[PDB]
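In: sequence below, structure please.
(4 chains)
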Amino acid sequence: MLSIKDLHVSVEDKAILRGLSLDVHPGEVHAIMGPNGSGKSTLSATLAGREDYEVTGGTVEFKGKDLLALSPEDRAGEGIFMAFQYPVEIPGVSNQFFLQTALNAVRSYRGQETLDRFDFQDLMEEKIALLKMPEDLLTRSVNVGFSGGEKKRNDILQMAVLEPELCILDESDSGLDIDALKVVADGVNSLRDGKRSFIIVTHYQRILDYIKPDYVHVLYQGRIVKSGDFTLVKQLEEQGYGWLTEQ
Amino acid sequence: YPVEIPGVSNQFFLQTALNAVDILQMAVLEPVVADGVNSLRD
Amino acid sequence: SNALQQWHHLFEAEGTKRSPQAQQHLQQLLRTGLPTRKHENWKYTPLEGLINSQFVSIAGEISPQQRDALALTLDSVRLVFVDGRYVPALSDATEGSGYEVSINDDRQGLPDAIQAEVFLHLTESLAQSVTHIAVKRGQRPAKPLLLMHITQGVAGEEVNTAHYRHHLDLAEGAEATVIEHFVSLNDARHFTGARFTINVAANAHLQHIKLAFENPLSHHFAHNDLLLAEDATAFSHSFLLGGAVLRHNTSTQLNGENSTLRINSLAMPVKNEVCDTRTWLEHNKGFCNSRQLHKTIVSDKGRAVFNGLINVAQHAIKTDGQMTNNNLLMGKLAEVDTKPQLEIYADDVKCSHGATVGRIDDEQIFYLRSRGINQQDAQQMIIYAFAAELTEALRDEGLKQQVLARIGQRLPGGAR
Amino acid sequence: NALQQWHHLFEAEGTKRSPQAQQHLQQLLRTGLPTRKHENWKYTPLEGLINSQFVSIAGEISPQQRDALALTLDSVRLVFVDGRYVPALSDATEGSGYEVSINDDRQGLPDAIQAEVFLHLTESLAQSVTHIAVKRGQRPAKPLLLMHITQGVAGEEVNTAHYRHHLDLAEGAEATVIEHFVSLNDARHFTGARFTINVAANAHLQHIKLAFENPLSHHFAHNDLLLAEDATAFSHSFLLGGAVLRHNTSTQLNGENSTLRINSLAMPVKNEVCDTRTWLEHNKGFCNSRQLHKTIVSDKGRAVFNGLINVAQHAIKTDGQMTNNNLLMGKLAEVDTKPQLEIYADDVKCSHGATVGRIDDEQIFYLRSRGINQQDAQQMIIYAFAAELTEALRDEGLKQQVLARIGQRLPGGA
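Out: Numbers count the residues shown, from 1 in each chain, chains lettered A, B, ... in the order given. And now the structure:
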């Protein structure tokens, strides 16, 4: 469903991604790792659609379409959802109004209908519970007054409500402990239906103990230079990499 | 509802109040809360 | 063309029984003359499109169909004014409405101006009539009084001009909502002048709303006065969303203790427009609380101007006055000039002013878009959040939606 | 009238007037003196000044008189008396890191950022110009101190002295300069000053001004700050002297990535009027500016604040803030504040704020209920109010002398 080939991306004229290639098929969980400065954020930013990232070469195709030509909202319509490393606060906009508007939007795109007012709520409650979220979520302003850990969990709730096809966790495990990691894991895992795919851009490896990947990839100067299955993580420990551990 | 006084450290605050004459100030100025008040029973 | 000459001519027009009050303002108008860009209060507001123009005062007539097509959807007691003239046939009856209304040119009671200035004098002198409105003691009308203004321009290079004058007396215990709505009949430019003075007696409560929604080529110069006695409450909300150049003044005097005042305004100038929102406030007695929230959203080549004077007299102890001005700039060619001015002569007070200038929060817009909301809707949601405190103060959902519709229509990611 | 007299003082030594001085004298006579109707003169009285008979004479002062008024501080001290640099009282500058030249050659002086009446008066009357320069990369071991000692004459005449200095910090240079103003005695005088500073790329400037003249004099000054790119500048002014004081600091940020801080403290008591004003132009983007101006007005005193920030088109990434906090002590105290903004770029973060009120009624009682009398309680709070500004003086010895000057204006007197 997702095919990235020889991707080159620069930021403010600095070459960050230098020929990144990645293949993701339905039902797969992929983990992308590596040191800071090797492409993690540029990769996520490029896929999501940040406008300050110049693609100087390569391709990114999703569901047989050129993703790079789609605006951010259309990429979401197509099915790509990204859990932010730093979820944004939207003062004056309730989670309910936000989610409702977002759901209608992607449902419209995609050619289907949205839930029915009260149903939308039966869905929320279920998710607010799944992620141990404040029962007064719907009325509060998106992420306002939330701790970092709560913002991460909110993003997963969004993920479960908007039902995307490709879920990207952009170092969204950062700052989370075993407890939060476990709740976040229960949220993401509940989305595994054998069709949706996941890309975990790790801040650290511990998240992979709860969301076991099928594929593991290592970045080096904007390129993936090593791929394997979950067992590769233990192999990388023998390399003594400083980025491998410590949150 | 204890009052805040930015720019004035307790040190300068206490020292000034002492040389002039919450439970903590009561104990330091000698005029869980109980154990702090009861200890002042002389 | 000599603007002062032109207006002087309109004042003397054949068939005009002008009042002594109007004559005194005419003299003041000719005494003070027109300010230049060097004048303290005119560094940012252009008068070029006015000082050298031919002015005419053509009072046309419209049909209920034309009125309806421009009218707000609201259940109110509606008085209609067209090209400076009250039009009975297009207005609602006032008997039993809770509003005592008389329209004539008798001006014996009208109060003196709080802050005299050139355009206030122009309107006082050219207004063809005064709308005398009063709400008796203890009366709380069920419906808001709506003053609808329909002004039109004429073909050619001549500038049709209309000046409206209204006065409201809220007796003791009276509580009312009054709305002034201004619109253009078509695309032809015109010069609108308006002045709404209001006296608020003890224990009276005022809810004032102004909706200046005229076309992109017109000039709108207004000056409203609010006089409050003791234990009075007054809220004024202005949505300045129209005109090439708009300059609105609200001068207020708190002449009684224990009064509460709120004056808000939203300015939304678009391509090449100048929206000037100004206030003058005098805390003459103590124990009064005043709050002001003025926001602006400026689009490419637009210019918002804010000026807020607050004078606190000596002995006005326990004065609690605040003023906030938040400005949002939409493009690299947008401009904003803001000038708060505090003159405080009493120590036992709590006064403050604050102003910000910045552009829409792009990170929030991208966040909304990454979840599927298109650019236009994301932008609108954030602007509405920005103006939320002003629109919710309307305390009228039906009206709120129409004001929001006007706001949304002036955003770049909407129509431009 | 005043304008006629000043013109006379200008001509009294006409032969020695520079072309630039002559140009300013012309502008002075052109614009004339403002009335209370002028936009920037509504709250600052000039009557006590324009109804006077002026003179301009330079007298001799001994090392003892200087020492008795001097700050206790290790520095390179240049001494100016009654309008002129005094060699016999100044420190040697050889090998100090400061290149100093005193002459009336004004060829290299930059134009005024914001021309105004008193700036013109000072330029036109100043006897000479103190040319100061710090070579590229150089970081003088000691701060430069410019001590001004002005005296009034016996009788009704008002002696006037006008000082002019220009400092140039070359690329990579780092220096601290202190302006100290004192009165020889109780006789009143009219002091005019103008210190212009050019900060080059990567240069770092620290400016401190101590206006500590007597209770009856007039002090009208206008300083200019010009910053290139990657430059830093901190200006701290403690306006604690004179019957009427009006200080302007005009600044232009003409280079990207610069940092600017401008603060001032005003404490007008007993029918004094203290006027602190700033003019700032963010002409280039990516610059950060912060201003904190605090005043404590006590009796029939009046504090006046005026701050204008102009952000030029395309000056993206501008980050400017301005704060004016005013503390009124008595029922007859007054404060007029006009923070202004002219923003022509959208991608910026600009804000300003102004507050006016009396001493926190709750903090005082809390303190008093603990044994501290009212006065002591209020002094503590006043000092805490001014501490945000005084704490910017890292030299403890210098800070204490400033705090002592502040103490002279407090209820207790200390």
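In: quick one, strands of the stretch 251-400 of chain C?
Out: Remark: strands assigned in the stretch 251-400 of chain C by DSSP state E, counting those that start in this stretch are C:260-267, C:274-283, C:289-298, C:303-312, C:319-329, C:335-344, C:349-359.
In: dead centre of chain A: give me the residue that sits there.
Out: Centre of chain A computed as the mean C-alpha position; nearest residue by C-alpha atoms, centre = their mean is residue A:168, 2.1 Å away.
In: tell me which residue of chain C lies closest to chain A.
Out: Across chain C, the shortest distance to chain A (C-beta to the nearest C-beta) belongs to residue C:385, at 3.1 Å. In this view, the C-beta of every residue, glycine as well, is placed from N, C-alpha and C.
In: wait, what's in contact with that residue?
Out: A:90-93 (C-beta atoms under 8 Å, 6 or more residues apart in numbering or on different chains).
In: same thing but at 6 Å, please
Out: Neighbouring residues of residue C:385 by C-beta atoms under 6 Å, 6 or more residues apart in numbering or on different chains: A:92-93.
In: dihedrals phi and psi, the residue lying closest to residue A:196 once chain neighbours are set aside?
Out: Nearest non-adjacent residue to residue A:196, counting by C-beta to C-beta, 6 or more residues apart in numbering or on different chains: residue A:165, 5.7 Å away. Dihedral angles phi and psi of residue A:165 (degrees, to the nearest 10) take the values phi -100, psi -40.
In: what does residue C:407 give?
Out: phi -70, psi -50.
In: count the residues that sit near it.
Out: By the criterion of other C-beta atoms under 10 Å in any protein chain shown, residue C:407 has 22 neighbours.
In: for the closest residue to chain B within the stretch 201-350 of chain C, grab the count of nearby residues.
Out: Nearest to chain B in the stretch 201-350 of chain C, going by C-beta to the nearest C-beta, is residue C:350, at a distance of 16.8 Å. Look at residue C:350: counted by other C-beta under 10 Å, it has 14 neighbours.
In: likewise residue C:324?
Out: Neighbourhood size, residue C:324 [other C-beta under 10 Å]: 19.
In: for the one 3 residues further on, same thing?
Out: Using other C-beta under 10 Å, the number of residues around residue C:327 comes to 27.
In: for the closest residue to chain B within chain A, pull up the helix or strand it's in.
Out: With C-beta to the nearest C-beta, the shortest gap between chain A and chain B falls at residue A:145, namely 22.2 Å. Using DSSP states H and E, residue A:145 sits in no helix or strand.
In: relative to residue D:380, how far out is it?
Out: Separation of residue A:145 from residue D:380 (C-beta to C-beta, to the nearest Å) stands at 35 Å.
In: same check, this time on residue A:216
Out: Applying C-beta to C-beta, the value for residue A:216 to residue D:380 is 62 Å.
In: quick check, residue A:186 in a helix?
Out: Yes - according to DSSP: H, G, I helix; E, B strand; the rest coil, residue A:186 belongs to a helix.
In: what's the local residue count around the closest residue to it other than its chain neighbours?
Out: The spatially closest residue to residue A:186, leaving aside those adjacent along the chain, is residue A:130, at 6.8 Å (C-beta to C-beta, 6+ apart). Look at residue A:130: counted by other C-beta under 10 Å, it has 16 neighbours.
In: swap in the one 10 residues further on?
Out: Around residue A:140 there are 17 other residues, counting by other C-beta under 10 Å.
In: what's near enough to touch it?
Out: Contact criterion C-beta under 6 Å, 6+ apart gives no residues in contact with residue A:140.
In: now for the residue in chain A that chain D sits nearest to, how many residues are close by?
Out: In chain A, no residue comes nearer to chain D than residue A:52, which is 12.8 Å away by C-beta to the nearest C-beta. Residues lying near residue A:52 (other C-beta under 10 Å) number 7.
In: does it fall in a helix, a strand, or a coil region?
Out: With three-state DSSP as the criterion, residue A:52 reads coil.
In: what's the closest non-adjacent residue to it?
Out: The shortest distance from residue A:52 to any non-neighbouring residue, by C-beta to C-beta, 6+ apart, is to residue A:11 (6.7 Å).
In: any idea what the one you found is bridged to?
Out: Taking DSSP bridges as the rule, residue A:11 bridges to residue A:14.
In: which strand or helix spans the closest residue to residue A:4 other than its chain neighbours?
Out: Nearest non-adjacent residue to residue A:4, counting by C-beta to C-beta, 6+ apart: residue A:22, 4.3 Å away. Assigning secondary structure by DSSP H and E places residue A:22 in strand A:14-24.
In: residues of that strand that come out buried?
Out: A:16-18, A:20, A:22, A:24 (16 or more other C-beta atoms under 10 Å in any protein chain shown).
In: from the chain's centre, how far out does the following helix or strand past that strand sit?
Out: Counting by DSSP H and E, the element after strand A:14-24 in chain order, helix or strand, is strand A:29-33. Strand A:29-33 has its C-alpha centroid displaced from the chain centroid by 11 Å (C-alpha atoms, centre = their mean, to the nearest Å).
In: show me how far the strand or helix carrying residue A:46 is from its chain's centre.
Out: In the assignment (DSSP H and E), residue A:46 maps to helix A:40-48. Centroid displacement of helix A:40-48 relative to its chain, using C-alpha atoms, centre = their mean, is 10 Å.
In: now the helix or strand just after it: buried residues?
Out: Next in sequence after helix A:40-48, counting helices and strands by DSSP H and E, comes strand A:54-62. Along strand A:54-62, these residues count as buried under the neighbour rule (16+ other C-beta under 10 Å): A:58, A:60, A:62.
In: stretch A:145-157 now?
Out: Across stretch A:145-157, burial judged by 16+ other C-beta under 10 Å covers A:146, A:149-157.
In: of those residues, which belong to helices?
Out: Among those, DSSP state H puts A:149-157 in helices.
In: and the residues you listed as JSON lines, adding distance to residue A:189?
Out: Converted to JSON lines, these look like this (distance: C-beta to C-beta, whole Å):
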{"residue": "A:149", "distance to residue A:189": "18"}
{"residue": "A:150", "distance to residue A:189": "19"}
{"residue": "A:151", "distance to residue A:189": "20"}
{"residue": "A:152", "distance to residue A:189": "15"}
{"residue": "A:153", "distance to residue A:189": "14"}
{"residue": "A:154", "distance to residue A:189": "17"}
{"residue": "A:155", "distance to residue A:189": "15"}
{"residue": "A:156", "distance to residue A:189": "10"}
{"residue": "A:157", "distance to residue A:189": "14"}
